[PDB]
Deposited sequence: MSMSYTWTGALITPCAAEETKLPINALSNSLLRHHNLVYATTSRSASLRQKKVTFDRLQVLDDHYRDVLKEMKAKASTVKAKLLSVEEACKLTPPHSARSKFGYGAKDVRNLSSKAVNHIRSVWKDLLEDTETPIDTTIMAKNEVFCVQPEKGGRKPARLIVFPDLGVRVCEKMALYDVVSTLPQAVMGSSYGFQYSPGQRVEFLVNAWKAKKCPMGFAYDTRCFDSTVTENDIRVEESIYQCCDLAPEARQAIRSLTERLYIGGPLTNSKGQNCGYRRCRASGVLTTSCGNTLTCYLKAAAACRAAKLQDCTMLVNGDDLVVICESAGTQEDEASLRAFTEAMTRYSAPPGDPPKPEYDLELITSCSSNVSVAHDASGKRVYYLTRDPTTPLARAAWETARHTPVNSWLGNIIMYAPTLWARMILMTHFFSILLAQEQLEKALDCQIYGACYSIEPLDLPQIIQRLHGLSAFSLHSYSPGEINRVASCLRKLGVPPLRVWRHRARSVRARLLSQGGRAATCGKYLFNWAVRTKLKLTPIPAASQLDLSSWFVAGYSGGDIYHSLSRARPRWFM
């Protein structure tokens, strides 16, 4: 069937940023009929997956438990109540949720309406690479449905993917753990080879059968009968597809593929992609495959059988994936250095800590993080990629020298260090206090993140070239600026001084010996686990039992 059908009704809205005018170009790309042929390899992997799912027990979340997970800036309900009312357990919201739930338990076929919108993403615009890129589409049900999804499937999506995929489940890793997995995977092979597999419009390639296969995996859990019916009804009425409505309330068409704004988007895409990829590994007869699946993103580390054999295996892998209804965007390239694989726009690099020891870390081209940050300083935005980039890429030269320096000088100038901000980062929305960045960074990357030096020439040159291209002052200017920022932060004591000490040690002539932050142990990061991209999940950072002297 067709991934989408359109009535022709325009997608209405509620460093450059893509608008809902360029959404028409995206519609042509994402619209196509799907051809899917399955085999024994696919059925075998599926059964092995289902067998692992069988070990899972999932709790049914209460109205309140589910309400408390709602982001405060989550799109308001067309039934006149919003994220705040939900979070506050307002009788109108709670009563409207209890009815949506009842309807899911009682109505098994009626499609649920979804809202289609364009996601305004800030970019740079490379004139050498060609032209502009279209805006991505966000398909999501009403607030009431969204709370019900959490009641039925939050515990499923939090525990099932790791039970099924184990170490292959990307979303379970902090950036430091992800790198540890990749490096060990690489080191474990006699002669390693690796590649990234990028599917052309993954959500669109997802068939209504793919969606039932994943409900079949969810159905292996020990579920409460209401959770079972909710999963069943949500599959038929929402996940397999339904009608598309713009912000103006007009019908835009109909969908028969993955909805990007549902709780099961990351989880379902991970399971689906893993299933197809593990099946394709067998079809292409790759030896000793290690997979890292992160939503629609895939990295395979296998055993090299020689340049010509490896190229042959990859073509076979692609042919299998295509049959499974997962054709590639760009055909995969085999790589013989781990640092050469690019996935989730990232690559593994190496540096030294304070004692000369090697430390691996994730990095990426800084152009987009810098442009988005340049836009975010220019105009107030409710979701800051800059803070997600600091947290995600804390060990990188560019996050430390440019992002940290620039934004702490602004927070200093606005006496807003204490003010919690909402940060994006791939999936879920996080409420983070900039003053907590050192503990966060220590927890996610290690104390070494504050002592990294001896960066590779390639990384240094990438960062420097990028600054020149974007009209950003050079690294020597940033070192100067970070010395004032540091000085002013130190003079403020407490967490602010820790920000100056730890985050800006790189800027001082004679380096300070940095001890582990004591308060880093008391931060609760238990929730940080799974990917909830479109999942509408809110996690505000908390600390159990704070020691007074902190």
Residues of the deposited sequence that never got C-alpha coordinates are 1, 16 to 37, 552
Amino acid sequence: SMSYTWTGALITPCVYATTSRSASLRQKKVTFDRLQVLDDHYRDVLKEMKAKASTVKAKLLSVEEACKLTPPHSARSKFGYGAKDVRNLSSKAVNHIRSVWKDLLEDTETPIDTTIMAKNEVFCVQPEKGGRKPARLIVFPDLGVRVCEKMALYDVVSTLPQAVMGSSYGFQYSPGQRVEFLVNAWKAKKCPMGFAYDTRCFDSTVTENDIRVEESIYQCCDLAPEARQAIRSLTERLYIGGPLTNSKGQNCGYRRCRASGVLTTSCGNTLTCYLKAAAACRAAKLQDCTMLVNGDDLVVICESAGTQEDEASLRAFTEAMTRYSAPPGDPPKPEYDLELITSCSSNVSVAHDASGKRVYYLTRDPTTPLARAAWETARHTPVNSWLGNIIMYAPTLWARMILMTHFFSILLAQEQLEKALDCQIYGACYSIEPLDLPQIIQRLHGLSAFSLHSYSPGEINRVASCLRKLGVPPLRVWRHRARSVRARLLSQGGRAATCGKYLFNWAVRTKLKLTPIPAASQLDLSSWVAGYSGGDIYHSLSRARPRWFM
From here on, numbers count along this sequence of modelled residues.
Tell me which stretch has the larger mean Cα B-factor in this entry, 130 to 138 or 386 to 394. 130 to 138
Between 57 to 65 and 492 to 500, which has the larger average Cα B-factor in the PDB entry? 57 to 65
If I read the C-alpha B-factors straight from the PDB entry, which of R462, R212, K357, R379 is highest? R379
C-alpha B-factor winner, where the candidates are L514, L525, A51, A487: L525
Lowest, middle or highest third of the chain for the C-alpha temperature factor of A351? lowest
Ranking every modelled residue in this chain by its Cα temperature factor as given in the entry, which third contains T159? middle
Which third of the chain does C257 land in by C-alpha B-factor: lowest, middle or highest? middle
Relative C-alpha B-factor of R76, binned into the chain's lowest, middle or highest third: highest
Among the modelled residues of its chain, the C-alpha B-factor of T205 falls in the third labelled middle
